[PDB]
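Below are the chains, spelled out letter by letter.
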Amino acid sequence: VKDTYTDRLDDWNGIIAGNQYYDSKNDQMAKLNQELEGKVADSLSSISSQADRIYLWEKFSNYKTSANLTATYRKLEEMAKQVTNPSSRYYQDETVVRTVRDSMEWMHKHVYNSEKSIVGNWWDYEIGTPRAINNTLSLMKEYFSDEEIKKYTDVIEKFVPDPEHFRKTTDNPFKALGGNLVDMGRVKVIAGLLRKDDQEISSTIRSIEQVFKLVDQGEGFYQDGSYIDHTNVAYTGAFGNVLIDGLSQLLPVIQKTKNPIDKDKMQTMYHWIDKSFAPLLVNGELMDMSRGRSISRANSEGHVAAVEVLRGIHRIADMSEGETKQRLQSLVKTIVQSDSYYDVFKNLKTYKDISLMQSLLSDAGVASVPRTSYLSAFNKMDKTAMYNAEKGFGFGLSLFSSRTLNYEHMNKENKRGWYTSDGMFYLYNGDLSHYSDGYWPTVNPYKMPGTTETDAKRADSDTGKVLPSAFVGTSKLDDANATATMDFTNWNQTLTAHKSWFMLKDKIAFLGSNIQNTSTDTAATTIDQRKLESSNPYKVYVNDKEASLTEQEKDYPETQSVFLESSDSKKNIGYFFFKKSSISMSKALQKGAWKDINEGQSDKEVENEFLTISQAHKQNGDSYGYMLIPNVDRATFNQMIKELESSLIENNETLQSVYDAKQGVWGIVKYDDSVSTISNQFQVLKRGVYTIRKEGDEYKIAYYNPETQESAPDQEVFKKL
Ligand SMILES: CC(=O)N[C@@H]1[C@@H](O[C@@H]2O[C@H](C(=O)O)[C@@H](O[C@@H]3O[C@H](CO)[C@@H](O)[C@H](O[C@@H]4O[C@H](C(=O)O)[C@@H](O[C@@H]5O[C@H](CO)[C@@H](O)[C@H](O[C@@H]6O[C@H](C(=O)O)[C@H](O)[C@H](O)[C@H]6O)[C@H]5NC(C)=O)[C@H](O)[C@H]4O)[C@H]3NC(C)=O)[C@H](O)[C@H]2O)[C@H](O)[C@@H](CO)O[C@H]1O
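J.: Mind showing me how you'd approach the packing of helix 6 (residues 146-159) against helix 7 (residues 178-194) here?
T.: Axis angle and axis distance: for two packed helices, these are the angle between their axes and the distance between the axes, and together they describe the pair. Taken N-terminus to C-terminus, the directions of helix 6 and helix 7 make an angle of 150 degrees; their axes are 10 Å apart at the nearest point. Relative to helix 7, the element helix 6 lies roughly antiparallel. Crossing of helix 6 against helix 7: the hand is left-handed. Contact residues: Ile149, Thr153, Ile156 and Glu157 in helix 6; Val187, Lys188, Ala191 and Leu194 in helix 7.

Given below as structure tokens:
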């Protein structure tokens, strides 16, 4: 017979497989089931047989590569899903049942058991493999005896005995937090259920509860929405995904155990969704600046990664109720519906998830209204996300400081993300596929957009660094206006620049001063490197005069503006140079392979066309200043830049400021404590970042000191003249 433990595992199966929700007449479900049918068949026809072999599958033979461990167990899990799916051609198949039971025994005797030691990555020994095993056993529990289950999970207890720590069999174990902490639950809570071990369950759950705390230091979610992981990396979009994705699968089960989690304790979850996740999603795309090294993975481009968060959010809404359930549903609905590029079902991998998404999209009772404008200053992870609902464009500012790592290159992934945080900017417009379709393996890693750098060669073997300066941060006035700055110094301290950004509702001014180079390499700022669509060509205008770009760089001296004109106004990009400047442009096909940036990816060649614009800085004390104006047609652009003829208030080594006359808003960055009189109306007195709005004879002030990470009383930083 059985019990409440199996009852929980039954619940878990419906969440992880959802065989009980399958419907052959359901288009989406049938498609996933067909995908699983093909996998099992491939696995079944390639599995080695006769006289105990040296590998189950030739592709994952080398048992010294921990990867081959969980990839092998995942193949049995797939078999477990189909074998328990009444609509599968493998339903209760004697061969498939024996193959799983045999493969478990073989692997246990020769590759993964209690007498072994972590060989390769610990993750596979404590997370990857134990999960695949728990799932396989949970699904086929009616084919395995309890003795066999215990026997097969003992090794999991060996490698992961402590619900609070990972790598417990090593010399350098670590306290499980965030995503890892959630993975700890999918490992020990399930194993606990399978082993009918209450202690394991309660302790692991008690341990999981730690995930609900907001932090003000270290890894985790901060009150400002930032999410830090791997000590000091902005990671909402990769580890955050795993956290929400995994937690949402677990909660329903945990909540039905002897130790359910208090409602109040789970409160923060909605804080993550609203403050941390939502702002990073633009037209179904999860901003790459928050995905760490995941960006180097071919099967995880922006829209795909976003579904990871969305399915988690949807699962949460589903266990919620009333308003909370309602608004979360609308949130998922509208995001999914705004995505005209990626089919959300391509990354919904269980029948329950597919089913939930179908009823949501078809339920007219659930409002799907375009999201309104917002600007999130994630100062605790040095990132800034901006979105204009009226004009429909998104903007992401990627930086780092003494508090954060610039880029993550680990496990051979993201070998060339060197400059992706050196003041790199992201523009999300009509082209929802911009940062997809092989953008990453084809983008020139030496000219990330918005970054100022020398052309020195870089080594793939390099790893991240924190920034010398702490003067990096964003002062947000409201949902449409904010100012940011970065006291920049390049990787080898040969170049510096005071880089500042002024987000003014429907445009962003880029200012750079104090540019210095002590090296022999050339210094230049990449104004942009935009990925083109062969289907939607741009007509390039320089100073409102058609220009023909070539692979070979062309120089445009005395350039006052550049305009990228598409047939779709929502894909237009204009650049107004406050002062006539010398720039270079070129359009060229850029080839590459994912393997180039991620050892474990395919070496198949990829290619994309890119339009590159940059400004060389040949002298010390150089600078740049331009306004980025997207989503307006040519005639409107040409008109807008005439009005903007005097928006630049200043741009030197101590003061940088842009003024929006239409809005009555000022963006200001001060590098010293001198008294700065602005537009003869007011005086700003402290080193820091400001965003001020004049409303009549009144002034709205948004002041931020990025070093101390504090604001300050109005009279300390601002003086009305
Ligand atoms: C050098 C060193 O050791 N430094 C240490 C540092 O160690 C590093 O730690 C991290 C870390 O995780 O913290 C390690 O990072 C991870 O490495 C693995 C291995 O390469 C990556 O794969 C992983 O990226 C994630 O990988 C998953 C995976 O492939 O398993 C992705 O998985 C999918 O996620 C789904 C969401 O729930 C899940 O459902 C799915 O499984 C199926 O689910 C079904 C269902 O329920 O829906 C179903 O039914 C099924 O039965 C079930 O199989 C799961 N599987 C698949 C195949 O897709 C995940 O989406 C992806 O993001 C990577 N993590 C990240 C975030 O990138 C790193 O390798 C270690 O070296 C320590 O962490 C650090 C401590 O602070 O100290 C350093 O010194």
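J.: Just checking my understanding: could you explain the domain arrangement of the protein for this structure?
T.: Interface extent is often summarised as the accessible area lost during association of the parts. Once the domains are mapped, the protein shows domain 1 (2-373), domain 2 (379-635) and domain 3 (636-721). Centre-to-centre, using C-alpha coordinates, domain 1 lies 35 Å away from domain 2. Opposite the 37 residues of domain 1 that make contact, domain 2 presents 40 residues. The junction of domain 1 with domain 2 conceals about 3300 Å² of combined surface from both sides, 58% of it contributed by carbon and sulfur atoms. At the surface where domain 1 touches domain 2, the tally comes to three salt bridges. With its nearest N and O atoms 2.7 Å apart, the salt bridge here joins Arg297 to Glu413. The interface formed by domain 1 and domain 2 includes 19 residue pairs in polar contact. If you list the elements that add at least two residues to the side of domain 1 that touches domain 2, you get strand 4 (227-229), strand 5 (233-234) and helix 11 (302-319).

J.: For this particular structure, what's the right way to read the pairing of strand 30 (residues 698-704)?
T.: For a regular strand, side chains alternate in direction, first toward one face of the sheet and then toward the other. Bridging between strand 29 (residues 688-695) and strand 30 involves seven bridges; their strand directions are antiparallel. Its bridge partner being in strand 30, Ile692 is matched across the sheet by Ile701. Connecting strand 29 to the antiparallel partner strand 30 that follows it, the hairpin turn spans two residues, and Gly696 within it adopts a positive phi of roughly 75 degrees.

J.: Just checking my understanding: could you explain the sheet that holds strand 5 for this structure?
T.: Strand pairing in a sheet takes place through backbone hydrogen bonds and is either antiparallel or parallel in direction. Strand order in the open sheet formed by three strands is 3-4-5, and the pairing between neighbours is antiparallel. Every other strand in the sheet has two partners, leaving strand 3 (220-221) and strand 5 as the edge strands with one partner each. In this structure, strand 3 lies alongside strand 4, joined through two bridges in antiparallel fashion. For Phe221, the partnering residue across the bridge sits in strand 4 and is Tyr227. Against the sheet, helix 9 (residues 236-254) touches strand 3, strand 4 and strand 5, its axis set at about 90 degrees to strand 4.

Parameters and conventions
- Along each chain, numbering proceeds from 1 in written sequence order. Entry numbering may differ, and residues lacking coordinates are not shown.
- Values shown for side chains rest on all heavy atoms present in the structure; no hydrogens or waters enter the calculation.
- Residues with missing side-chain atoms are left out of burial classes, side-chain pairs and their counts.
- To get an axis, a line is fitted to the C-alpha atoms, and for a helix only the part in contact is used. The angle between two axes follows their N-to-C directions and goes from 0 to 180 degrees.
- Runs of H or I in DSSP of at least four residues are treated as helices and runs of E of at least two as strands, each being numbered from the N terminus.
- To sort the angles, those under 35 degrees are grouped as roughly parallel, those over 145 as roughly antiparallel, those from 65 to 115 as roughly perpendicular, and the leftovers as oblique.
- Handedness of a crossing is defined here by the sense of rotation of the near helix relative to the far one, left-handed for an anticlockwise turn of less than a right angle and right-handed for a clockwise turn.
- Contact between two residues is taken to exist if any of their heavy atoms lie within 4.5 Å; hydrogens are not considered.
- What marks off one domain from the next here is an automatic or database domain assignment.
- Here the quantity called buried area is the accessible surface, traced with a 1.4 Å probe, that two parts lose on coming together, added over both.
- For this document, the term salt bridge refers to a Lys or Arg side-chain nitrogen within 4 Å of an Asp or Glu carboxyl oxygen.
- In the analysis that follows, any N or O atom pair within 3.5 Å is treated as a polar contact, provided that within protein one partner can donate a hydrogen and the other can accept it, and provided that, for residues neighboring in sequence, both atoms belong to side chains.
- Whether two strands pair comes down to DSSP finding at least two bridges between them.

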